[PDB]
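Undergrad: Chains as they are written, first to last, in the authors' numbering: chain A, 305 to 722; chain B, 304 to 344, 352 to 724.
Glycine is no exception: its CB is placed at the ideal position from the N, C-alpha and C atoms.
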Amino acid sequence: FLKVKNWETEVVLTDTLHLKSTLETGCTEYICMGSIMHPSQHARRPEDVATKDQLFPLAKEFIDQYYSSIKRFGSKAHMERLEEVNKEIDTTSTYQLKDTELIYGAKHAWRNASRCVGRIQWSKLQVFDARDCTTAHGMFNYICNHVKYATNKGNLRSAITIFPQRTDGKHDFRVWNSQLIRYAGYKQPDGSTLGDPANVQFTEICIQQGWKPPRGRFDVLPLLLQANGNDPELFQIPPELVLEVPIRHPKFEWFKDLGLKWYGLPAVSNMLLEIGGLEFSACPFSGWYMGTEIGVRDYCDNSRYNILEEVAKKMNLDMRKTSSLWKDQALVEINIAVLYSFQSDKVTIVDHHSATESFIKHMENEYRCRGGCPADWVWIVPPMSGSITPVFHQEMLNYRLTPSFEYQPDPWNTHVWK
Amino acid sequence: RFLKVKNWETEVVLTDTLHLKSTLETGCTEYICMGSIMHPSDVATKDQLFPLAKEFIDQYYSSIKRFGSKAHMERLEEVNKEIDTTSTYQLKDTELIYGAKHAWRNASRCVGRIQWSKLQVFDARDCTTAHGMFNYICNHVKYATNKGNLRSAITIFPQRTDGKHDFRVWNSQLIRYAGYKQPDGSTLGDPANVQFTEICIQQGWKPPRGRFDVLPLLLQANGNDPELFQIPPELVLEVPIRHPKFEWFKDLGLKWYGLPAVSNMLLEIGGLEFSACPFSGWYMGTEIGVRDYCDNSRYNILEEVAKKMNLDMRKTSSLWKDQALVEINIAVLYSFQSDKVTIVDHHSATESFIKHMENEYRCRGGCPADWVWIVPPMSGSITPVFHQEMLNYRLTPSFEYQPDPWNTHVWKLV
Ligand code: HEM
Ligand code: HEM
Ligand SMILES: CNCc1cccc(-c2cc(C)cc(N)n2)c1
Ligand SMILES: CNCc1cccc(-c2cc(C)cc(N)n2)c1
Ligand SMILES: C[C@H](O)[C@H](O)[C@H]1CNc2nc(N)[nH]c(=O)c2N1
Ligand SMILES: C[C@H](O)[C@H](O)[C@H]1CNc2nc(N)[nH]c(=O)c2N1
Ligand SMILES: [Zn+2]
C-alpha cells in the first residue's frame, strides 16, 4: 500500500496498482531521477530479434492480461491463444495480434501514459489498423485518412494509426517527422533562425531530399515516410487537410498584425508502441491541444518562436528589469489569444484549468476502479500558473506499466542509406 | 560511476559524482518514483552515533585541507571519548558554523542556495529557559531584519538529549499572522494558522481578531511546557501592498511581513539533532503573491482582485485567475522595492540558482535539487530552472521535518 494526498482537499488515495509495474523508473532508494527526461534504458526485450525464451514470456503476460480484462483467464480461447502464439514464435520468431488485442493494447498504452494530462479520454480512441501497409505511398494514404478523420472539420477526435511491427530491426516502418504537422525552421545567413528553431535539422534533411522550401515563418513541413526499412520518401500533405487557426486577441486589435497562427491537430509520430513484446515503431496518435502547449511552450520558449519580447513591446510594458513581470504579463495575454482564437473558429481546445481539473477526476476514477494511476507531476503540472491549478497540490506516484508508449532514436542517426 | 544532467534549453550537460556520497533514503524505489510526495516517510544509541560523528568530522577536516592531520586524529579521539562516557558529544563552534552552512548547501528544495556561505550563525546552545530563547530570537530578528537590508541568519538552541527535554519553537515561522474561524464558517486572517492560533488563545493570548495580527512566540525550553511572548512590534518589519498602476489596490488593505523565518525544522549535524534552529533569509516574491495570497486555502484573494480589475469571471478560458495573479505579484515586488525591503523576483532567483548549480557541479561534483520545489509556482517554463534536469539525493548535515510539538508534547501544569 502507498498513499497519495491532495494538500488542497486533504483527499487521500491508496495505490496498489504499482505492484504490477514492470520497468525501472531510474530512481533508487538513494537518488530520485523524477526530472530526468529519459531516466532509464530498461527495456523488456533486447535490441534485435529475440529468442523464444525472450519473447514468449512477454507475449504470455500480455495475453494473460487481455484475457483477464474480459472476465476470462483459463478459458478455452485463452489457452488456444497461448498455444497459437507459441507456434507462431516457434515458426516465425514473432507473432501477430488479433484486432481486439491491438485495440485493447493501444488504449491501455494511452491509459498508462504517466506524462499525459488528457487520459480521462483514454477509452474513447479510434484505432486504425494499418498493419497491411507495404510502401511509403501507402503510409501517406493511411496518414491522410487519419488526419482527415481526426480533424473532423474542427470537432477533433482522438485516433491512432498502427503500421507493421518491427521484425529484425532492418525493416522498420518510421515516420521521420516528430509530429505529423509542424512548421519548418531555417538558419538565416546573418545567424538568426526563421520559423521553428526545433525543426532546423529536420528541415535541412527535407531540403536535402529535394523539398522546395517556401522559406517562411509557418511552412508546413512535408511528410518523410519510411516503409520496410527503405529510404524515406517525401509527401506534401494536402493543405485542405491541414486545419490552421490565425491567432487574434479579444481586446488587442494589434495582436492579429503579429501574423501568428498554429495548426489544430497535435499528432505525435516518433514514439514506439510496445504490446506484449511487439514493437510498433510507426504509430502516429493525435488528440487536441491544451492551450498552454501553443501559448507557453511553442510560442514563448526561448529556443522556439520566442515571441515574448515582440508582444511586450506592443503592450507598452516596462522591459528594463525582470521585476516588472513583463514576461509573465505578456505570457497571459498570449494564452488568452490562443484560446480565444481556437474557440472562435470552433476548433477543439482545452484550457489548463479545465484539463487539470479533469485529470484530478480521472485520478479518482482510476484509484476507485483500478487501484492506482501512474502520473508524472513534472509533466502534468502546466508550464504557467502552476499552483492555481489543482494538480500542483496533488501528490502522484510514477511507475511504468505495459502496454506503453516509449521513446526511440531519431531515424537519421541509425538509418543506413541506399 | 557518473550521472549526467542536461539542460534542454541550452544543451549544457553536467556530470554528477556527488550523489555517491549520500546514504539516506529518498523514498523512491527502483520501480516507483515518489518525487512529488511532500513527506516521504527516539534518540540514537552510542553504536549508531560513532559512525555518524566520524563521517561528519572527516568531512569537516577534509573541507579545511587537514584530513589526516594531528588535529583531525585528536578530534576523532576526543569525540569517541565523549560518546563513550556521555552517550553524546558537543560540537566545536567552527564545526557548528560549518554544519549549519552545509545543511543549507544541501537543502535540495531551496532555490536561494547561491547565498549558502554567507550565513550568520548564532550559537544559543547555552540557553536554558523560554525567556532565554525569546531574548535570542529577538536579537536574531533585529540582526536579520537590519532596517530592510535583510541578512541571512540561524540561531541554534541546545541539541536533543534523551528526547524528553527538547527545545522547540512551536511557531512554524517566527512571524506569521493569526487565523480565526468565524461562527458562519468564514475565516479571518490566515486560515493556515487557525489551529496554532487556537493553542495561543488557550495559553492566555488575548487576540485582536483582525486580518493581520502577528502571532506571539510559543517557546519550549528543556522539554517544559511552552510559554507565550510578544515580539516587540518595532522589530516586526511589514510592507503595505500597493500597485504601481492600480490606485485601488492599496484599498484591499493587504500587507505582509518582510522576514521569512522558518522555525519548525530540525538540523542534523554529525548525528546530533538540533530541534530548535530558526533560520531566515529574504523573500522570493511568488511565495507571497502566489501562495500566501492566492492559494485557495490561504488568503485566497484572486476573486476580489479580478473583480476590481473588471475581468470576465464567467469562463475559465478567459484566464482571469492568471491575469489577476500576475498583477498581484507585480504589486508585491513593487511594494517591497519601494520600501527598500530586500526581495527577489522568481526570474532573478531561478537565474542565480542555475549559476549556483553549475558552480557546484564544477567545484563539488553536484548539487542535489528538487525540481518540484525549485520551479516557481507561476510562469514555470519561462524560468530557466524548468528546462534544467536535476538529481535529488539526501546529503548530511541536513534540515529535516519533525512532528508538530502539540502532537507529541505531554503537558505538566494543573
Ligand atoms: C485527447 C486529448 C489529449 C490531450 C488534451 C492531451 C494532453 C497532453 C499534454 C498537454 C501532453 C504534454 C505534451 C508536451 O509537453 O510535449 C501530453 C503528452 C502525452 N500524451 Fe496526451 N493528450 C491527449 C491525447 C492523447 C492521446 C490520444 C494519446 C495516445 C493515444 C496520448 C498520449 C500521450 C503521451 C504518450 C504523452 C507523453 C509524450 C512524451 O513523453 O513526449 N495523449 N498529452
Ligand atoms: C537568502 C535568501 C533565501 C531565499 C531567496 C530562499 C528561497 C526559498 C524558497 C522560495 C523556498 C521554498 C519555500 C516554500 O515554497 O515553502 C525555500 C525553501 C527552503 N529554504 Fe531557502 N531561501 C533563502 C534562504 C535560506 C536559508 C538562510 C536557509 C537555511 C539556513 C534556507 C533553507 C531552506 C529550506 C530547508 C527549505 C525547504 C523548506 C521546506 O521543505 O519546507 N533557505 N527557500
Ligand atoms: C515530445 N513531446 C510530445 C508532444 C509534443 C507535442 C504535442 C503533444 C500532444 C499530443 C497529443 C496526443 C495531444 C496533445 N494535446 N499534445 C505531445
Ligand atoms: C513549508 N515551507 C517552508 C517555508 C515557508 C515559508 C518561507 C520559507 C522561506 C525560508 C527562507 C529561509 C527564505 C525564504 N525566501 N522562504 C520556507
Ligand atoms: C528538465 C524537465 O524535466 C523538462 O524541462 C520537462 C519539465 N516538464 C515538462 N512538462 C511537459 N508537459 N512537457 C515538457 O516538455 C516538460 N519538460
Ligand atoms: C503535491 C506537491 O508535491 C506539493 O503541492 C508541492 C509542489 N511543489 C512545491 N514547491 C514549493 N516551493 N513549495 C511547495 O509547498 C510545494 N508544494
Ligand atoms: Zn524518484
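Going straight from the alpha carbon of B/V546 to that of A/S339, what length do you get?
TA: The alpha-carbon atoms of B/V546 and A/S339 are separated by roughly 39 Å.
Undergrad: Check whether the Cβ of B/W681 lies closer than 8 Å to any Cβ atom in chain A.
TA: Taking Cβ atoms only, chain A reaches closer than 8 Å to B/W681, which makes this a yes.
Undergrad: Can at least three beta-carbon pairs, one atom from the stretch 460-467 of chain B and one from the stretch 589-602 of chain B, be found at a separation below 8 Å?
TA: Short answer: they touch.
Undergrad: Listing by chain order, which chain A residues have their CB less than 9 Å from the CB of B/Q647?
TA: Chain A residues near B/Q647: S627.
Undergrad: Is there a C-beta anywhere in chain B that falls below 8 Å from the one on A/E597?
TA: Judged by the 8 Å Cβ criterion, A/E597 is not in contact with chain B.
Undergrad: Between residue 738 of chain A and ligand 3, is there a pair consisting of the residue's CB and a ligand heavy atom that are separated by less than 7 Å?
TA: This structure does not reach residue 738 of chain A, given that chain A is present from 305 up to 722, and the question cannot be answered.
Undergrad: Roughly how many whole angstroms lie between the Cα atoms of A/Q425 and A/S658?
TA: Taking the straight line joining both Cα atoms gives about 13 Å.
Undergrad: Could you tell me which whole alpha helix (DSSP H) segments of length 4 or greater appear in the stretch 488-519 of chain B?
TA: Whole alpha helix (DSSP H) segments, 4+ residues: 504-512.
Undergrad: How far does the beta strand (DSSP E) with B/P550 in it extend, from its first residue to its last?
TA: First-last of the beta strand (DSSP E) with B/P550: 548-550.
Undergrad: By the 7 Å beta-carbon criterion, what residues does the stretch 672-703 of chain A contribute toward chain B?
TA: Per Cβ criterion, the list reads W681, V682, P687, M688, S689, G690, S691, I692, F696, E699, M700, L701, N702, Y703.
Undergrad: For ligand 7, which residues have a Cβ under 5 Å from at least one heavy atom, in chain order?
TA: Residues with a Cβ closer than 5 Å to any heavy atom of ligand 7, in chain order: A/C331, A/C336, A/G338, B/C331, B/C336, B/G338.
Undergrad: Does the structure place the stretch 624-640 of chain A close enough to the stretch 627-647 of chain B that three or more beta carbon pairs sit under 8 Å?
TA: Short answer: they touch.
Undergrad: Taking the C-alpha atoms as reference points, what is the distance between B/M688 and B/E312?
TA: Straight-line Cα distance between these residues: approximately 19 Å.
Undergrad: Would B/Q540 count as contacting chain A if we go by Cβ distances under 8 Å?
TA: No - not a single Cβ of chain A is within 8 Å of the one on B/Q540.
Undergrad: Between the Cα of B/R415 and the Cα atoms of B/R674, B/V685, B/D714, which residue gives the shortest distance?
TA: The residue with the shortest Cα to Cα distance from B/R415 is B/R674.
Undergrad: Is B/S418 closer than 8 Å to B/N702 when the C-beta atoms are compared?
TA: In this structure, B/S418 lies closer than 8 Å to B/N702 by Cβ.
Undergrad: State the beta-bridge partners of A/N702 as determined by DSSP.
TA: In DSSP, A/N702 forms a bridge with B/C336.
Undergrad: In its own chain, which residues sit with a C-beta less than 6 Å from the C-beta of residue 350 of chain B, not counting the 5 before and 5 after it?
TA: Between 344 and 352 the numbering of chain B has a gap, and residue 350 of chain B falls inside it, with no coordinates.
Undergrad: Measure from the C-beta of A/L317 to each C-beta in chain B and report whether the shortest distance is under 8 Å.
TA: Not closer than 8 Å to any Cβ of chain B, the Cβ of A/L317 fails to qualify, so no.
Undergrad: Should A/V479 be labelled buried (16 or more other beta-carbon atoms within 10 Å of its own) or exposed?
TA: Looking at its Cβ environment, which holds 16 or more other Cβ atoms inside 10 Å, A/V479 is buried.
Undergrad: How close, in whole Å, do the beta carbons of B/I541 and B/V451 come, if the pair is a contact with beta carbons under 8 Å?
TA: Right, the Cβ-Cβ distance comes to about 7 Å (below 8 Å), so this counts as a contact.
Undergrad: Spatial neighbours of A/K474 within its chain, please: CB distance less than 8 Å, with the 5 preceding and 5 following residues excluded, ordered by chain position.
TA: Taken in chain order, the residues that qualify are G533.
Undergrad: Roughly how many angstroms separate the alpha carbons of A/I653 and A/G422, rounded to a whole number?
TA: Cα to Cα, the separation comes out at about 12 Å.
Undergrad: Once the 5 residues before and after A/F467 are set aside, which same chain residues still bring their CB inside 6 Å of it?
TA: Taken in chain order, the residues that qualify are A434, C437, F477, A586.
Undergrad: Which two residues bound the contiguous alpha helix (DSSP H) that contains A/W683?
TA: 681-684 is the extent of the alpha helix (DSSP H) around A/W683.
Undergrad: Check whether the stretch 498-505 of chain B and the stretch 597-616 of chain B touch, using three or more Cβ-Cβ pairs below 8 Å as the test.
TA: Output reads yes: the stretch 597-616 of chain B touches the stretch 498-505 of chain B.
Undergrad: Less than 7 Å separating the Cβ of A/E661 from some heavy atom of ligand 6?
TA: A/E661: no, Cβ never under 7 Å from ligand 6.
Undergrad: With 8 Å set as the bound, which would you pick, yes or no: does the beta-carbon of B/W311 sit closer than that to a beta-carbon of chain A?
TA: True, the Cβ-Cβ gap to chain A drops below 8 Å.
Undergrad: Give me, in chain order, the residues of the same chain whose beta-carbon lies closer than 7 Å to that of B/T320; leave out the 5 immediate sequence neighbours on both sides.
TA: Result list for B/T320: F305, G675, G676, in chain order.
Undergrad: Helix or strand or just coil, what does DSSP make of B/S482?
TA: Reduced to three states, the DSSP call for B/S482 is coil.
Undergrad: I'd like the span of the alpha helix (DSSP H) that includes A/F444, first residue to last.
TA: First-last of the alpha helix (DSSP H) with A/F444: 440-455.
Undergrad: What residue ranges within the stretch 371-436 of chain B form continuous alpha helix (DSSP H) runs of no fewer than 4 residues, ordered along the chain?
TA: Entirely contained in the stretch 371-436 of chain B, the alpha helix (DSSP H) runs reaching 4 residues are, in chain order, 380-396, 403-415.
Undergrad: In the stretch 603-648 of chain A, which residue ranges form an unbroken alpha helix (DSSP H) of at least 4 residues, counting only runs that do not cross its ends?
TA: Whole alpha helix (DSSP H) segments, 4+ residues: 612-619, 630-648.
Undergrad: Check whether the Cβ of A/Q698 sits closer than 7 Å to any heavy atom of ligand 5, and report yes or no.
TA: No, the Cβ of A/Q698 stays beyond 7 Å of every heavy atom of ligand 5.
Undergrad: Could you tell me which of B/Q513, B/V600, B/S372, B/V315 sits nearest to B/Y408, measuring between CA atoms?
TA: Checking every option, the nearest Cα to that of B/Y408 belongs to B/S372.
Undergrad: Sorry if obvious, but does the Cβ on B/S689 come closer than 7 Å to a heavy atom of ligand 2?
TA: Because no heavy atom of ligand 2 lies under 7 Å away, the Cβ of B/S689 does not count as near it: no.
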